[PDB]
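Undergrad: Below: one structure in structure tokens.
Note that we place each Cβ from the backbone using ideal geometry, even for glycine, and neighbour counts take in every protein chain shown. Numbers and lists here come from the model and the stated rules, or from a named source; nothing here is a laboratory result.
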Amino acid sequence: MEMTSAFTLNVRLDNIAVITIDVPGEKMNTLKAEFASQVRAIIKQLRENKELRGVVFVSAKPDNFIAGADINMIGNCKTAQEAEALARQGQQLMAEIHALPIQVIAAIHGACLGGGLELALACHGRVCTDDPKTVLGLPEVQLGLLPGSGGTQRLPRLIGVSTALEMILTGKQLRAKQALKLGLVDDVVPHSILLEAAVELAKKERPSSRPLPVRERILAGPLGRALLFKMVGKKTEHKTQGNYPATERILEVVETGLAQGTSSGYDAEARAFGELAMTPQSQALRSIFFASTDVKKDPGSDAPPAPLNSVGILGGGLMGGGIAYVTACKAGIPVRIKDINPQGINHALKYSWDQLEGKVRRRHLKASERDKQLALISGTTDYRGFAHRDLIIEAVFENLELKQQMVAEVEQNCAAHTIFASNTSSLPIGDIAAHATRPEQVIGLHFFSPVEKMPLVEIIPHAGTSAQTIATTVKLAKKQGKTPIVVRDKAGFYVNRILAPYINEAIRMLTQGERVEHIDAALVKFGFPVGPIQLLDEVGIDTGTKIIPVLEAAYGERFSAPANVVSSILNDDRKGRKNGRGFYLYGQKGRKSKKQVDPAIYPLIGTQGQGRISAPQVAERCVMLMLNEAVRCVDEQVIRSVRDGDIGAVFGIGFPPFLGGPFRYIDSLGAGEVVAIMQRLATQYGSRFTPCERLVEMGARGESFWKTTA
Amino acid sequence: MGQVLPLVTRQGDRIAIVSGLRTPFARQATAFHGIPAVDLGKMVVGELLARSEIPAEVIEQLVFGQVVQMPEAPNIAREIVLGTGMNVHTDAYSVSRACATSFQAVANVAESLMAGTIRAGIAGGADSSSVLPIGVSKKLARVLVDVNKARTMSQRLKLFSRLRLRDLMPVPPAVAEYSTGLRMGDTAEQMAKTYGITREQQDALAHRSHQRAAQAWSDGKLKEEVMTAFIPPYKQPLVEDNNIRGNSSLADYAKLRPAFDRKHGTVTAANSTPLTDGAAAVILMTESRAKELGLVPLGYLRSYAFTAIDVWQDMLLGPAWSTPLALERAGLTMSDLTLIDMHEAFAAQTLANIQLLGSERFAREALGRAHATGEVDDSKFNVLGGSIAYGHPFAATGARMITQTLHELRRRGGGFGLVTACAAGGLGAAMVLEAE
Amino acid sequence: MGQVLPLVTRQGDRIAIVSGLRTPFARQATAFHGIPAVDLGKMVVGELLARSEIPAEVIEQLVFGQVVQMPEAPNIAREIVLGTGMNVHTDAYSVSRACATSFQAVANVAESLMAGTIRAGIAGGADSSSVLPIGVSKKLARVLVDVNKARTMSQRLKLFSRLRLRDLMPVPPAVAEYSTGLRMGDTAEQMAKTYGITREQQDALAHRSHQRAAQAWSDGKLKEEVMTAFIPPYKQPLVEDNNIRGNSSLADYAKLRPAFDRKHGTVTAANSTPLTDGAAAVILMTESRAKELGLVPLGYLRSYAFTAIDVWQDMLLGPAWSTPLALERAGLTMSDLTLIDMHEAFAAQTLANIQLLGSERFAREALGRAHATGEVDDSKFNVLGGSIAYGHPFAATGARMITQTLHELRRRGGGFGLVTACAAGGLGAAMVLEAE
């Protein structure tokens, strides 16, 4: 009640006390500033009474045990001093909790993330339910930070060095069974007896009388700790490219904690919040986290949705199998596939089968539920059985008349309630609708290839589209574990529209006599996962390139690629991995190592010149193209909100997260200042680097797309 | 009404029959190899529900059964309900009556449904002769029970001391009758000898059955009754029955060794149905329930009958006994019966059956009825071929005949079909169908 | 509207239950060692006809089911007739529904002879845990089928090349659910943990049941419905149930380590039914037929109901769901129920069920009914003990419970008995008995 906080004490008839943690506001159980104060009062009031024999912590909330520290509290920090103050106060609070002689037990149910294991690692014993919602981990390196207290030193000394550093670096998740197997949690019980199952553990005499041994004692000591740190650091820096802070700092703080003692580790971790909380990467990651949470919260539309239980797919092959797998195995909705050929249905079912049972081969699932999941996918070559489908997806070739014919015939052979969606590539949605008895129930999705890897979709209404349709589609996309984005119906849409200049300028580079390897390495070192050419070949050369004529006919010739060279590869059976031959050595005869590109692509290219351009400069030019295209499209409100565009760009293309996205990057690089040097780029190469007019105005007068708070 | 009993419900509504379905049948090694018997039924039931407009909540009970039986999951109908997508509040149920299992399932569903307790149900059968349960010797089971109950270590060694001989070898399954030791085909050899069926009198029936079945696929008339099975390897789908061989000349398989007698064995392998794998199902529903949810009924049901005879000579005469009883219960006559059907598990036995229904003496003395039950025209008999062609999954060949017969009467535009079958143990079943 | 289902034939005669009888039960690997369940059924049905003094030609159908099915005789109801002295024209068949098969057998015999197709039938069940169908590994059987189909002599070696040391080992039988992997006990353990069942009160229930069963045997009240089995070695006859341990103390119960959950579980061997062998049977007959041939009916039948529930949580709440429907159909109330009898698969599930039929909230939301079913008085609950005493032969329990319930109601005024049972797969059955 604004003073009770959440931590409430209750002494039962036995000489034990149960502590409930019920936050009056959010359904999560987060950590705020006043808790660290009032819990001291509670623990003092408990320390006065000598009648007790044990204490237990209870979530008292169906959702989670403790969600984690409130990031907004960190957001108000101003320098290293405040962060060090928070670190030190958390350290002393956990030390005080660990300082009691009586038995302290944590009963874990729901979720325990971030600072949560802090409390768990500050307790002598802990038990967790078997509810498949329970999970343990440290999701703080993801936010460009490190755990609050002791987790870098008490956890390694509790469970081992290798697993602890793997948890701290990757920030993975723990299940109840595997936490028990590893040794983190002492016992696992069903939820019903949970608190009771803790009580007798409180009654046990030994707080710590015989710590469990480590079968991985071999490396204990200075004989191998240095070697392991060197190897893991080299591995990470090669994998993370060394542009991610709060990675080597983790190794340093763990080393100093293990070698010079726990006090040294505490001091090092206080300093770690001292700087790492203020590095620009930290603000970028916190901001992108906020954006993702907001878009998950956002309902897409404002009308109430409609019931959704039946999903149909018109087309098989490979992509239709992908939509089927996502809709069935993930969202758990029955899915019905229609095709003209039994071979297509068989091929789609084979794809869904192959995608699954890989968990079975890794014992992550068993056939008992594998069969149950497959039970939701049905196939047919006729229209009977579609009469009650709530929603349907069209995923076959993009001939406009063919799509019109199918939409007509499905209007004829289905219910009026049913809504239609199309996995359109380039054809306009309104044009596809055209002759529709119920055009208001026609919408367009846009997946990618494949659909179980890239995590966002596109929702593309036309002029007449009832808000119920948008709401239903957004809720469906959410239920599939994807991030929906609503965009304005314009030629080329948003994502591939800004992706096209990337590959275009990449080919323009390649033709002017530069080795592809070092430009690829430079551009992935800038922060982009996966290089240009491998992305281009595996994504589908024809599929992605098919829109280039559409973009050219829509806006201008800036999208135009060098002629007779890309099409030369196109009509050469060198069509990427699906054709088995393209760019990189696809034979994989080099002992499954990094096979170099095929020693025939260069001769077929003009490749006149030398490297010429600096390694940073090529990446700078490409990203400037994406930035100019992004600002140009957001000028005409192709994207509903700036946050939507930023999250789409960073989260579907692979924009460097530590840069935060396009607009964080704009505000970072002096804004309009870069325009100056960017203008120079045009004067070196051509009109393709003309500044966007909105960009000119904002930069010249001095502005940010994000007034917001600053 | 001294013999006729109507099959109406308490409210006065007849027992309508709605769609059915049939997995295409395969030999015991070609496809479905390693595929258990449960998941075939799972396939057919799941995709039968996902073919009509009925929500899954209408179905209130499903009955399957299987002859070849796996020790795990004895009540396979419950796993049919659980594994597929169905309401988990359906009263799953399993029966077993040898080769007439599907007929018994349909009869149970019909009588329970006309009792008033149910308004819609599923009845069918699945069978697989490729996952044979190969049990160990009987002696090497008491030893296992004792060693499970054995208390000290020294007792176990003294127990295995009696383990000797060839008790380790597995016991092959037996198709011979439990109480007779007759191989179910050698009870047809003596029937053929007794009623004088020539290897040329038969082996023309097999030819006329392979035809009118190859022709049936080629015409595609049986397109809407057969699924397109998809197999977990998903190498290639199975669309057509592979047992059918509607290309051989009648002078090609006249040169075959006798199977059982091997001395005077006027029956052989070609003119006898082979062991196969498959499944089939039918949706039973009262007329009122079908009407009130807007569904056209695929015919109806008129009457049925089951009969037993002594298993020591000619036990395969089940249809001969069952048919007159079914006719008298339906208030009909063999004359006014457009199209009939027979199980034809073997060449002969079926021919013997026609000869018997045509014989006045048999009905005079072995049944006590005044007159013989009538002869059957060739044209109105197994129009679309028979089990000497498709195959004989033990528990599935029931419902297949109902579906095919209803569709054929749909083409002829009326009539009263009739279906009969014989089973091991001297069990015979018959029922009369009415396609409006 | 009025939801009552009167079990009457077309003429209006209600269903009667003339007599019944039960083989005394035995522990696994004891006197009934090596005796196939078909032989137990033979024993009980033959001697039941012997006592019943009715002509064997009156019986027109029998239905036995059996769990732990043996592959040699699929339709054991036929061999029951063939091996005994019953008339061969008898039309027998088999069913199978978890641990409530006998309930289903009685149900469909009743509904069949209510339809008018027959006039008298026999329903029952038999099972034996003494003999097990222990089979070889799945991979091995495929090899055997292939080598049977193998055509080249040199191909057989290339086919046997694929082998393993662990493939020769026989596969032990499994009792856990096919689709869940949970044994019957694990569901009982989690149910006890959920609703809260202290070990002390479970052991109190077990002690009460054992004391009542021993008292009943010593009084000899269960003497006219138990055989005196004779075993082919013929060393000494079996007259009494050997499972009952009527000389026991609660202190002995308290000294048992938990079986499934070896950490916090509250079920052990003492408070759970063991593996037994036995058989039972009941003769159904319409009252007109009984009157015509001069028999006194041992009660009647009033209503029945079967229900399914989800398998993942609380699989053993069958009686709770089934009982209200049975009472509603019978037009009765739990208040006006002279005796109640419930199947005691485990102490925990029994206590949980009685707790639930008193739970107003449960019937208010889970069933949708307005009010709770009622309160189970301990005085009229399991008057003669229960399955925690005699045992669980799986199939025979329903027929057994019917026999003792009718006898006990006869020992008092008329009343209305009630019998319920849970079963694996979330199947529950209930029925109401009149006994005049």
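Undergrad: Can you say whether residue B:314 is on the phi > 0 side of the Ramachandran plot, acidic (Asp, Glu) and within 14 Å of chain C (Cβ to nearest Cβ), as far as the supplied structure shows?
TA: On the way: on the phi > 0 side of the Ramachandran plot: yes; acidic (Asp, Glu): yes; within 14 Å of chain C (Cβ to nearest Cβ): yes.
Answer is yes for this residue.
Undergrad: Next question. So, in the range B:121-139, of the ones that are within 10 Å of chain C (Cβ to nearest Cβ) and outside any loop (DSSP other than H, G, I, E, B), which residue ends up farthest from the chain's Cα centre (by Cα)?
TA: B:139
Undergrad: Against the condition closer than 27 Å to residue C:94 by Cα and surrounded by fewer than 20 Cβ atoms within 10 Å (Cβ to Cβ), how does residue B:30 come out, does it pass? Let's see the steps before the verdict.
TA: On the way: closer than 27 Å to residue C:94 by Cα: no; surrounded by fewer than 20 Cβ atoms within 10 Å (Cβ to Cβ): yes.
For residue B:30, the condition - closer than 27 Å to residue C:94 by Cα and surrounded by fewer than 20 Cβ atoms within 10 Å (Cβ to Cβ) - is not met.
Undergrad: Looking at residue B:95, is it more than 9 Å from every other protein chain (Cβ to nearest Cβ), crowded, with 24+ Cβ neighbours inside 10 Å and within 28 Å of residue B:288 (Cβ to Cβ)?
TA: No; evaluated as a whole, the condition is false for this residue.
Undergrad: Given (1) surrounded by fewer than 24 Cβ atoms within 10 Å (Cβ to Cβ); (2) more than 9 Å from chain C (Cβ to nearest Cβ); (3) touching a strand residue (DSSP E or B) at 6+ places or on another chain (Cβ under 8 Å), where does residue B:118 come up short, assuming only one miss?
TA: (3)
Undergrad: Considering only residues that are in contact with a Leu (Cβ under 8 Å, 6 or more places away or on another chain) and among the charged types (D, E, K, R), which ones fall in the range C:26-40?
TA: Quick first cut of the range C:26-40, residues in contact with a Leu (Cβ under 8 Å, 6 or more places away or on another chain) only: C:26-28, C:31-32.
Result: C:27, single match.
Undergrad: Let me ask something else. Would you mind telling me which numbered condition in (1) part of a helix (DSSP H, G or I); (2) within 7 Å of another protein chain (Cβ to nearest Cβ); (3) touching a helix residue (DSSP H, G or I) at 6+ places or on another chain (Cβ under 7 Å) residue C:179 fails?
TA: With (1) part of a helix (DSSP H, G or I); (2) within 7 Å of another protein chain (Cβ to nearest Cβ); (3) touching a helix residue (DSSP H, G or I) at 6+ places or on another chain (Cβ under 7 Å) applied to residue C:179, the lone miss is (1).
Undergrad: Still on this model: Among (1) polar (S, T, N, Q); (2) surrounded by 20 or more Cβ atoms within 10 Å (Cβ to Cβ); (3) over 17 Å from the mean Cα position of the chain (by Cα); (4) more than 9 Å from chain C (Cβ to nearest Cβ), where does residue B:23 come up short?
TA: Unmet for residue B:23, out of (1) polar (S, T, N, Q); (2) surrounded by 20 or more Cβ atoms within 10 Å (Cβ to Cβ); (3) over 17 Å from the mean Cα position of the chain (by Cα); (4) more than 9 Å from chain C (Cβ to nearest Cβ): (3).
Undergrad: Also, quick follow-up: Can residue A:345 be described as outside any helix (DSSP H, G or I), assigned by CATH to the domain that holds residue A:411 and in contact with a strand residue (DSSP E or B) (Cβ under 7 Å, 6 or more places away or on another chain)? Reasoning before the result, please.
TA: Numbers: outside any helix (DSSP H, G or I): no; assigned by CATH to the domain that holds residue A:411: yes; in contact with a strand residue (DSSP E or B) (Cβ under 7 Å, 6 or more places away or on another chain): yes.
Taking the combined requirement at face value, the residue does not satisfy it.
Undergrad: For residue C:44, state whether it is within 9 Å of chain B (Cβ to nearest Cβ) and among the hydrophobic types (A, V, I, L, M, F, W, C). Steps first, answer last, please.
TA: Numbers: within 9 Å of chain B (Cβ to nearest Cβ): no; among the hydrophobic types (A, V, I, L, M, F, W, C): yes.
Criteria not met by residue C:44.
Undergrad: What pairs come up if the first residue lies in the range A:330-344 and is within 18 Å of residue A:374 (Cβ to Cβ), the second is of a type in the set (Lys, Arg) and not in a loop (DSSP other than H, G, I, E, B), and their beta carbons are under 9 Å apart, counting only those six or more places apart or on different chains?
TA: A:330/A:479; A:331/A:479; A:332/A:479; A:333/A:479
Undergrad: Additional query: Name the single residue that is surrounded by the most Cβ atoms within 10 Å (Cβ to Cβ) among those in the range A:327-370 being within 11 Å of chain B (Cβ to nearest Cβ) and of a type in the set (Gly, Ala, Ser).
TA: Out of the qualifying residues, it is A:348.
Undergrad: For residues in the range A:194-232 being surrounded by fewer than 10 Cβ atoms within 10 Å (Cβ to Cβ) and among the aliphatic types (A, V, I, L, M), which is nearest to residue A:125 (Cα to Cα)?
TA: So, considering only residues that are surrounded by fewer than 10 Cβ atoms within 10 Å (Cβ to Cβ) and among the aliphatic types (A, V, I, L, M), the one nearest to residue A:125 (Cα to Cα) is A:212.
Undergrad: Give A:576, A:590 a once-over and let me know the one that is out of contact with any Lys or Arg (no Cβ under 9 Å at 6 or more places or on another chain) and farther than 29 Å from residue A:237 by Cα. Don't jump to the end; show me each part of the working.
TA: Values: A:590 fails: farther than 29 Å from residue A:237 by Cα.
Going through A:576, A:590 in turn, just one is out of contact with any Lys or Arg (no Cβ under 9 Å at 6 or more places or on another chain) and farther than 29 Å from residue A:237 by Cα: A:576.
Undergrad: Something else: Kindly indicate which of B:162, B:142 is out of contact with any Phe, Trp or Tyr (no Cβ under 6 Å at 6 or more places or on another chain) and facing chain C (nearest Cβ under 10 Å). It would help to see each step written out before you state the result.
TA: Values: B:162 fails: facing chain C (nearest Cβ under 10 Å).
Step by step, each of B:162, B:142 is checked, and only B:142 is out of contact with any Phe, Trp or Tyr (no Cβ under 6 Å at 6 or more places or on another chain) and facing chain C (nearest Cβ under 10 Å).
Undergrad: Of all the helices (runs of 4 or more DSSP H) wholly in the range A:534-635, which have at least 3 residues that are assigned by CATH to the domain that holds residue A:522 and over 24 Å from residue A:399 (Cα atoms)? Spell out how you get there, then give the answer.
TA: Details: elements: A:541-545, A:547-554, A:566-570, A:601-604, A:615-635.
Because the criterion is at least 3 residues that are assigned by CATH to the domain that holds residue A:522 and over 24 Å from residue A:399 (Cα atoms), the helices (runs of 4 or more DSSP H) in the range A:534-635 that meet it are A:601-604, A:615-635.
Undergrad: OK, next. Let me confirm something: among B:56, B:16, which residue is surrounded by fewer than 18 Cβ atoms within 10 Å (Cβ to Cβ), farther than 28 Å from residue C:72 by Cα, more than 8 Å from every other protein chain (Cβ to nearest Cβ) and out of contact with any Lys or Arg (no Cβ under 6 Å at 6 or more places or on another chain)? Quick ask: steps written out before the conclusion?
TA: Details: B:16 fails: surrounded by fewer than 18 Cβ atoms within 10 Å (Cβ to Cβ).
Within the list B:56, B:16, the selection yields B:56.
Undergrad: Which residues, counting only those in the range B:73-92, are of a type outside the set (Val, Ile, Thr), in contact with a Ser or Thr (Cβ under 6 Å, 6 or more places away or on another chain) and more than 7 Å from every other protein chain (Cβ to nearest Cβ)?
TA: Hit for the range B:73-92 is B:77, nothing else.
Undergrad: Also: Would it be correct to say that residue A:61 is assigned by CATH to the domain that holds residue A:263, under 22 Å from residue A:269 (Cα atoms) and of a type in the set (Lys, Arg)?
TA: Numbers: assigned by CATH to the domain that holds residue A:263: yes; under 22 Å from residue A:269 (Cα atoms): no; of a type in the set (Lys, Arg): yes.
No.
Undergrad: What do you reckon, is residue B:205 within 12 Å of chain C (Cβ to nearest Cβ) and either closer than 21 Å to residue B:357 by Cα or surrounded by 13 or more Cβ atoms within 10 Å (Cβ to Cβ) (or both)? Steps first, please.
TA: Details: within 12 Å of chain C (Cβ to nearest Cβ): no; either closer than 21 Å to residue B:357 by Cα or surrounded by 13 or more Cβ atoms within 10 Å (Cβ to Cβ) (or both): yes.
Spelling it out, it is not the case that residue B:205 is within 12 Å of chain C (Cβ to nearest Cβ) and either closer than 21 Å to residue B:357 by Cα or surrounded by 13 or more Cβ atoms within 10 Å (Cβ to Cβ) (or both).
Undergrad: For the list (1) within 30 Å of residue B:230 (Cβ to Cβ); (2) touching a helix residue (DSSP H, G or I) at 6+ places or on another chain (Cβ under 6 Å); (3) charged (D, E, K, R); (4) within 14 Å of chain C (Cβ to nearest Cβ), I need the number of the one condition that residue B:277 fails.
TA: Among (1) within 30 Å of residue B:230 (Cβ to Cβ); (2) touching a helix residue (DSSP H, G or I) at 6+ places or on another chain (Cβ under 6 Å); (3) charged (D, E, K, R); (4) within 14 Å of chain C (Cβ to nearest Cβ), residue B:277 violates only (2).
Undergrad: Something else now. I'd like the full set of residues that are more than 18 Å from residue B:21 (Cα to Cα) and surrounded by 14 or more Cβ atoms within 10 Å (Cβ to Cβ), limited to the range B:214-235. Break it down into steps so the answer makes sense when it comes.
TA: Taking the range B:214-235 and keeping what is more than 18 Å from residue B:21 (Cα to Cα), we get B:214-215, B:218-219, B:232-235.
Of everything in the range B:214-235, those that are more than 18 Å from residue B:21 (Cα to Cα) and surrounded by 14 or more Cβ atoms within 10 Å (Cβ to Cβ) turn out to be B:214, B:232, B:234.
Undergrad: Hey, another quick one. All but one of (1) closer than 29 Å to residue B:137 by Cα; (2) more than 17 Å from the chain's Cα centre (by Cα); (3) within 11 Å of chain B (Cβ to nearest Cβ) hold for residue C:64, so report the exception by its number.
TA: With respect to (1) closer than 29 Å to residue B:137 by Cα; (2) more than 17 Å from the chain's Cα centre (by Cα); (3) within 11 Å of chain B (Cβ to nearest Cβ), residue C:64 is out only on (2).
Undergrad: Sticking with this one: Scan the range B:81-102 and tell me whether some residue there is polar (S, T, N, Q), out of contact with any strand residue (DSSP E or B) (no Cβ under 7 Å at 6 or more places or on another chain) and under 25 Å from residue C:61 (Cβ atoms).
TA: Keep residues of the range B:81-102 that are polar (S, T, N, Q), which gives B:84, B:87, B:90, B:94, B:96, B:101-102.
After this cut, where a residue has to be out of contact with any strand residue (DSSP E or B) (no Cβ under 7 Å at 6 or more places or on another chain) as well, the list is B:84, B:87.
Retained after the next criterion (residues that are under 25 Å from residue C:61 (Cβ atoms)): none.
No, that holds for no residue.
Undergrad: Turning to a different aspect of this structure: Could you list, ordered by first residue, the pairs with Cβ atoms under 6 Å in which the first is in the range A:180-209 and within 17 Å of residue A:60 (Cβ to Cβ) and the second is basic (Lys, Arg), at least 6 apart or interchain?
TA: Close Cβ pairs (under 6 Å, with a partner that is basic (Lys, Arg)) amount to A:192/C:193; A:193/C:193.
Undergrad: Okay, moving on. Among the residues of the range B:282-301, which ones are crowded, with 18+ Cβ neighbours inside 10 Å and either within 14 Å of chain C (Cβ to nearest Cβ) or at positive phi (or both)?
TA: Selection gives B:299, B:301.
Undergrad: From (1) within 13 Å of chain C (Cβ to nearest Cβ); (2) in a helix (DSSP H, G or I); (3) of a type outside the set (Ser, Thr, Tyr), pick out the condition that doesn't hold for residue B:191.
TA: (1)
Undergrad: Within the range A:689-706, work out how many residues are farther than 15 Å from residue A:663 by Cα and either polar (S, T, N, Q) or in contact with a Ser or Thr (Cβ under 9 Å, 6 or more places away or on another chain) (or both).
TA: Residues flagged as farther than 15 Å from residue A:663 by Cα and either polar (S, T, N, Q) or in contact with a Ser or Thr (Cβ under 9 Å, 6 or more places away or on another chain) (or both) within the range A:689-706 amount to 2.
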